[PDB]
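Structure, as structure tokens:
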There are 2 protein chains.
Amino acid sequence: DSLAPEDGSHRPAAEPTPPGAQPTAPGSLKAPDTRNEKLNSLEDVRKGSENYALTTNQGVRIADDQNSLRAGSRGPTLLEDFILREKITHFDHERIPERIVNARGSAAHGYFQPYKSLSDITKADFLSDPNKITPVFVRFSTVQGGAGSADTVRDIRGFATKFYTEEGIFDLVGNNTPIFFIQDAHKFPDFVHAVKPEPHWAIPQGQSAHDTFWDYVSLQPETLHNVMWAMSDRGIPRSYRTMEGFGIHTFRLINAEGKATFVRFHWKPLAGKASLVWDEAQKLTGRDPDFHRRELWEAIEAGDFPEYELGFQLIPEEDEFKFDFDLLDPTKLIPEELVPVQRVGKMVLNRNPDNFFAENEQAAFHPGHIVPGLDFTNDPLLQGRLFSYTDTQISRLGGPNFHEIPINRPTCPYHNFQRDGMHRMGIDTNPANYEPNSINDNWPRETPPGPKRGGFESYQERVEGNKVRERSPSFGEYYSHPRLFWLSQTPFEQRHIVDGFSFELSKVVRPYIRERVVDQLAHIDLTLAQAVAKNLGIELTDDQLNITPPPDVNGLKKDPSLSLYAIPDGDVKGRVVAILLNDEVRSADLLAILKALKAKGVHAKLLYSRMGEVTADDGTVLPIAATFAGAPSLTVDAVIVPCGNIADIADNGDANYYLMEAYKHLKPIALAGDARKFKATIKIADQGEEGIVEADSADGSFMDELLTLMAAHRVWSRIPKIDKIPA
Amino acid sequence: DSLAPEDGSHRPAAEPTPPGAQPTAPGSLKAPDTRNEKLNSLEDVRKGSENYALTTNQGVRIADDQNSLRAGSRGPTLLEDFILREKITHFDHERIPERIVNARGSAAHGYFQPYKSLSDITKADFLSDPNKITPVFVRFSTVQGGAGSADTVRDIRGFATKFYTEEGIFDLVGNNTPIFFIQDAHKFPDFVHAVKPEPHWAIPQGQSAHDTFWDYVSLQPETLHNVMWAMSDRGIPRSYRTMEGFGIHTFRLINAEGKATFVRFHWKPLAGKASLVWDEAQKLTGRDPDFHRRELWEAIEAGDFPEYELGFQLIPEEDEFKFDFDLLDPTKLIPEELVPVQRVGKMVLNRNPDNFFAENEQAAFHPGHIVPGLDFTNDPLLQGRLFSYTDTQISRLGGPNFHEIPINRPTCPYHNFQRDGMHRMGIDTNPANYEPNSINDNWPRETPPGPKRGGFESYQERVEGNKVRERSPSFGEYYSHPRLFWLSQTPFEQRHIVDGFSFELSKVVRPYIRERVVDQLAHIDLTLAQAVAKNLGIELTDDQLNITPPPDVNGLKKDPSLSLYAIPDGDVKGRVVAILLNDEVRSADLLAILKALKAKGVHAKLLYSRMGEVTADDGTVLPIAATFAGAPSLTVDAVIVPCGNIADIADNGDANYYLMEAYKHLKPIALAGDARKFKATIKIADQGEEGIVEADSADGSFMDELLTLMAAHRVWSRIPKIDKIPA
Ligand code: HEM
Ligand code: HEM
């Protein structure tokens, strides 16, 4: 009709803007100048809308899209209404099966570039030149929950990267923890069935806190390593931008000379490692189930591009057997103290999709999608994965032509003799659909392996053994890695691990399962087991107290790289601060607060007891972003309360609870002038306490102190003080 | 190996037990003696497991289900491992498209029986005889969210009942509010797209609190009536057991003499009407996203069978045009003050399914599945619905033979000339697959319509009009029903509606959309409009303040049946109380508490600061159901704190916060003896306060007070006191 407002406020500016400043929008409209080879190649399927007539799918203009065709205006709908029927039919068939695992996921476009040529160790084209840019499409995910499940659950996170290289698609399909729960792919359905919603009633969603998961864990000790990671704060990341990424399996790099080097893939978050605390994460699944999806999208819209450093742990063929653990066992990590991560390149995620369904939901990643210069190994979990993705994608994406779905298409040439299949888009003109052929002079033709642009040839690994359904004896060690992980965590991280196990085991209805898990923990570490046991009202037996701890891992009694927080790596850019306003805010405090945050790329959200505007002490009109209940402290990293008429909000339950919640979840809180009246709400001494910034105004060192706390992420020293506190 | 505990505590007793007393289980194992004709008919496909060997799907016994076949124990997996491939293939193809709408749902089996023969007004066989029982399968659902989204969201709820009648399946596919948002089915995709997650980023899940929903509502005033219901506490039911159900459309009843009677279907919850409060509901989506699913299942295992009374609003054919609203307009309700609901029958849900996916996920309901004695009307929303379910089920359930999926099969005979189609189960022996045929003597044959067991014949409604895509002018009234609903709510219900709109609209990023919705509210009721406007910092214009209120609906200024709470209908059976234990609980208090609770069929959950057991003062060993954090006050209806060693939990932050949350959410709290010291935490009253039961001990009078409060559901009088509490 012409329903947009005349000021054009319905449309977001096509420029980087902080979270909440403008309505979010499709990537190509929000950042039309952000391009890459893949993004450009999707132009052929992008469809606009402005200034076009509304039509059926056959191109017939529709005159009345408000009504069905009927006999009389109060009459029965007629079967000849082909417009109604096409519109309802398309609607009716909108859904496709969600992914069997990792159904819940958020994705974005970006680019990768290596720091230097890696031609000495791999002939992979995308790693051969620092000036060679490779477009990427990355999807981050949870594992257990459906596509409509919540983001901030306790779960492993998926981190899949589709590299659109010049010699083929390479998919690096990893997780946020360096090991997996099981050793052999044949047990994948068992493990996944155990963690997913139980079959009689389909509960619980997005949670491993139920009997079947812990039943399986209790009977399969190989799972303990990854379970330790899931129970730690690693299982509840702050953002996809602040978690590590790992390929898990040992793969191979193959150079032009034919030499194979073992490699484990790593992604280092350039924004640092950061996680939530359980109570916050759990409550956040309720207040904002799309928190991570939203955070990713808004970071990219703000220009806070998620950046990750690709790194390789490289192990020479001759050192295959030099560790206490098997390199092919996916339940074992390779300690960075033993084998350092060599920095390979940077990946920048800088554009959101246009349509979530088309690009995100239909994206298909496969660990078997490798390119010349990479190869597999006999890791028995990897081995089975190679079969699985291929197979699942035929039903999820409706046929064998899912590579023709725009997001999945290679940007490089693809030609072969494969034909037909449902939804076939490519119209082949080749006279031949077989090889060898003479009728097209055998094209397209095979290409011999070579240093560059050659055909794929598998590394000639020697195979010797009998056909057996047997686990290698080298994989039969289940407690040393869990123990190495435990010992590398800080004391507060250890507490969070104990708390994760205790909470989860409390949701296990059959007590003997709890006892059985406690017994497994006693094979890992007595302190851990005792602390969890105490929380479950379980007493360890004398035999359990005497279980000898498992050996160190190749002489290591700890590796600080396994901790989220042992080694400071805090980055404040992209974080957000809640600013609790009052009806006569000290404008000078606001100026100082907002400019200091802006200088470090920290966002702010101005909150009040209602929407609309508040007028500062000098007449400054302040637009309110959200109410205290509307945007809870769960969604921010810190809280600042400026001076002004504090009596306006002093007796406001939400405003007080805002601070109690933020205080409980170890977030920095800064109170200026009369906002110090709020100290009694959170029980802060007159003298003050580490983690609380306070002063007469927000002028001198006030913001620098607050930003130092934000750099350290959370105030871990406050843990004992939050023990009481009714919040 | 991995075997059950020696004591047999791995298996739930096959008798009715209170929630939490036993692990939940498939229905046929929990209640083997509970049967009905449909439940029995599913015996052909039920598969047991105990004492059977593990096999492939082809019946080959598996020797080693822990490993893949490889060449050497550290070698590559072989392609000939057919056991692994079948296992992984089946896993890879587990998912099927979720429902386009109402993907999140919970279902159970039961039975229905009419109170008296309704043969005078309908020839429908299932309503012909009071002693003729009809098996039912019911699915309750949310609408917007995916299958893995949370239960306690603010949304409409679906209430679909499949009646397995002797003359065919009859599906009564309704909702928990008596009207729908839109008028014509042609706009269903528009409305559903507006409320679903926005297309660029697929946010938000299970929420209408986003720009596109309010944008559509603001431009389509026909939606306002159902929006009012959604924003009220109707949008967040406490249980599927405590909400009303409605067919929404006017349908027809056809008796044996051919007389048509207009009818609107109702379901009255025999457990009464009860809803959560927003803060509680939202937080509960985080603490237990499966709350409603769990609550339904546990009520059924406990013997608290959900019971509903089928009721009919009957309007003679001659009275079609006597109201000031059109009967065929699905955005209009028929006030009970004008047309009473006649009680028709009782439906009892007494058994959970065995496998959620097979029975719930694959269940297919259709408003078009009617039987002789029923007929449609020209309601344009209903008309389009007849097309849509059939169509969507062909892709969701993979073919045209979805009626052969066990849960969907009729229990009556079904014979016809339809053949083939994907996954055809029925093997037809008829020599003929067409009619008329002489080769099978024309069987199966058509059956003339008649009083009983006749063929279906449409009521011969007179149709007169031109082929038009036009909305009836009689449907063009959008504010009188919203206003009637508003005026029928209690003052606290009105406040909750205001708060619902205020919350939702604060999440709308484009301010003009908020203003447009406020403008629409001003056409309904100025008090409502002003209350919302004030929360959004919006000022009504002089024109808006002068908008004339819509007329009353046929002289009604209110109708108390539209309120959840105006007319008391409280029923405590099946409700649950949290009991906050201490390490030296007064057994005399527990005795009196449980006795009183037991008499009213109210359950209890014993909570503590740790799991395991606590021993009362008399040596009674009490198993702990959950910790204070583990089962928040959100999950219960009231909280009781017995006396004993109160010092044990007096300074416990979670225990204090438990009471503050329950207090804020208007739940009855009862404190005995030294537990009265907890009154300080909820900063309120000295003498006493209505809603807080207190005494020197938990006695008969103490429990009578608490149970009386529980029968009123929540302590509405405490509302003014909760906005200061920091919780
Ligand atoms: C190291 C262990 C594993 C890792 C790191 C891993 C990682 C992932 C990730 C990140 C995704 C989602 C990709 C996306 O965002 O679309 C995924 C999906 C999937 N995974 Fe794996 N996974 C592992 C083990 C396995 C195993 C053992 C199997 C079966 C043999 C398996 C089968 C699947 C399937 C069927 C999907 C769905 C793919 C689709 O529908 O496109 N995964 N996995
Ligand atoms: C009075 C208005 C409506 C009511 C009360 C209603 C009710 C329901 C319910 C309760 C379900 C879920 C059934 C289950 O539990 O499986 C459902 C599903 C569905 N509804 Fe309706 N609906 C309405 C309007 C419409 C309209 C106008 C259309 C399309 C023209 C439509 C299309 C669908 C579809 C396609 C499904 C999915 C069915 C399946 O996949 O089996 N609905 N509806």
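What follows draws every value from the coordinates through simple rules; no lab data is involved. Every residue, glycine among them, receives a Cβ derived from its backbone with ideal geometry; neighbour counts consider all protein chains shown.
How big is Rg to Rh over the range A:642-721, alpha-carbon atoms, Rh as the Kirkwood inverse-mean-distance radius?
Taking Rg over the Kirkwood Rh, I get 0.94.
Show me the ranking of peptides A:53-63, A:486-496 by mean Cβ neighbours inside 10 Å, starting with the highest.
Ranked by mean Cβ neighbours within 10 Å, highest first: A:486-496, A:53-63.
Using helices alone, I'd like the mean residue ellipticity at 222 nm for chain B: each DSSP H run of four-plus residues gives -39500 (n - 2.57), total over residue count, nearest 500.
Result for chain B: -7000 deg cm²/dmol, rounded to the nearest 500.
Alpha carbon centre of the range B:277-300 versus the range A:694-722: separation in Å?
37 Å
Where along chain A is the Cβ that lies nearest the axis linking it to chain B, and how many Å separate them?
Nearest to the symmetry axis by Cβ: A:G286, 1.
Taking 1 over the mean of 1/r across every pair of different Cα atoms in the range A:470-573, what Kirkwood radius in Å do you get?
15.1 Å
One quarter of the convex hull surface, Cα atoms only: what value does that give for the range B:25-410 in nm²?
That works out to 22.9 nm².
Just in the range B:421-481: which trypsin sites (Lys or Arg not before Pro) are loop by DSSP and have at most 15 other Cβ atoms within 10 Å?
B:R424, B:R445, B:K452, B:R453, B:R462
Take every Cα-Cα pair in the range B:398-447 and report what % of them are more than 18 Å apart.
38 percent
Give me the percent of Cα-Cα pairs in chain B that sit more than 36 Å apart, rounded to a whole number.
That fraction is 49 percent.
Using only Cα atoms, what is the ratio of the radius of gyration of the range A:309-462 to 2.2 N^0.38 Å?
Working it through for the range A:309-462, the quotient is 1.33.
Please identify the DSSP H helices in chain B that span no less than 24 Å along the helix axis (Cα) and have a mean Kyte-Doolittle hydropathy of -0.5 or more.
B:380-396
Hey, which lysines would be in cross-link range of A:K87, C-alpha to C-alpha under 16 Å, not counting anything within fewer than 8 residues on its own chain?
Qualifying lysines at Cα under 16 Å: B:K187.
For A:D64 and B:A256, FRET efficiency with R0 = 56 Å and r from the beta-carbon atoms, rounded to 0.05?
For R0 = 56 Å, the calculated efficiency reads 0.85.
Order by neighbour count: B:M347, A:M422, fewest other Cβ atoms within 10 Å first, most last.
By the 10 Å Cβ count, ascending, the order reads A:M422, B:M347.
Only sites in a loop by DSSP and with at most 15 other Cβ atoms within 10 Å count here; which trypsin sites (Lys or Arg not before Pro) in the range A:193-277 make the cut?
When the trypsin sites (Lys or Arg not before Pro) of the range A:193-277 are filtered for loop state and at most 15 Cβ neighbours within 10 Å, A:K259 remain.
Looking only at other chains, what is the average number of their beta-carbon atoms within 10 angstrom of each beta-carbon in B:384-396?
Mean inter-chain Cβ contacts per residue within 10 Å come to 4.
Distance in nm between label sites at A:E404 and B:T429, each 7 Å beyond Cα in the beta-carbon direction?
So the label points at A:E404 and B:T429 sit 4.5 nm apart.
Based only on Cα atoms, what mean projected area does the convex hull of the range B:1-145 have, in nm²?
Value for the range B:1-145: 15.7 nm².
If I take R0 = 30 Å and measure r between the Cβ atoms of B:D420 and A:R419 in this structure, what FRET efficiency does the formula 1/(1 + (r/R0)^6) give, to the nearest 0.05?
FRET efficiency, B:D420 to A:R419: 0.65.
Tell me the Kirkwood radius of the protein assembly as shown: reciprocal of the mean inverse pair distance over distinct alpha-carbon atoms, in Å.
Kirkwood radius, the protein assembly as shown: 34.1 Å.
With r as the distance between the Cβ atoms of A:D583 and B:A647 and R0 = 51 Å, compute the FRET efficiency 1/(1 + (r/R0)^6) and round to 0.05.
So, using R0 = 51 Å, E works out to roughly 0.75.
Out of the range B:665-727, which trypsin sites (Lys or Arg not before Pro) are coil in DSSP terms and have no more than 14 other C-beta atoms within 10 Å?
Counting only loop positions with at most 14 other Cβ atoms within 10 Å, the trypsin sites (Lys or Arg not before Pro) in the range B:665-727 are B:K683, B:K724.
If a/c stays under 1.5 just call it rounded; otherwise compare a/b with b/c (prolate if a/b is bigger, oblate if not). Do that for the range B:188-341, with a ≥ b ≥ c from the square roots of the Cα gyration tensor eigenvalues.
The shape class here is oblate.
Across the residues of A:205-211, average count of Cβ atoms on other protein chains within 10 Å?
Mean shielding by partner chains, rounded to a whole number: 3.
Quick one: the Cα spread of the range A:107-221 along its three principal axes, in angstroms, biggest first?
54, 30, 20
Give the order of A:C643, A:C412 when sorted by the count of other beta carbons within 10 angstrom, beginning with the fewest.
A:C412, A:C643
What is the percent of Cα-Cα separations in the range B:572-727 that go past 19 Å?
Result: 47 percent of Cα pairs exceed 19 Å.
Between the label point of A:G421 and that of the same position in each other copy, find the distances and list them shortest first in nm, with every label point placed 7 Å from Cα along the Cα-to-C-beta direction.
Relative to the other copies, A:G421 has label-point distances of 2.9 nm.
Can you give me the Cα centroid spacing of the range B:421-495 and the range B:65-89 in angstrom?
The distance from the Cα centre of the range B:421-495 to that of the range B:65-89 comes to 53 Å.
Roughly how crowded by other chains is peptide B:60-70, in terms of the mean Cβ count from those chains within 10 Å of each of its Cβ atoms?
For this peptide, the per-residue mean of nearby foreign Cβ atoms is 6.
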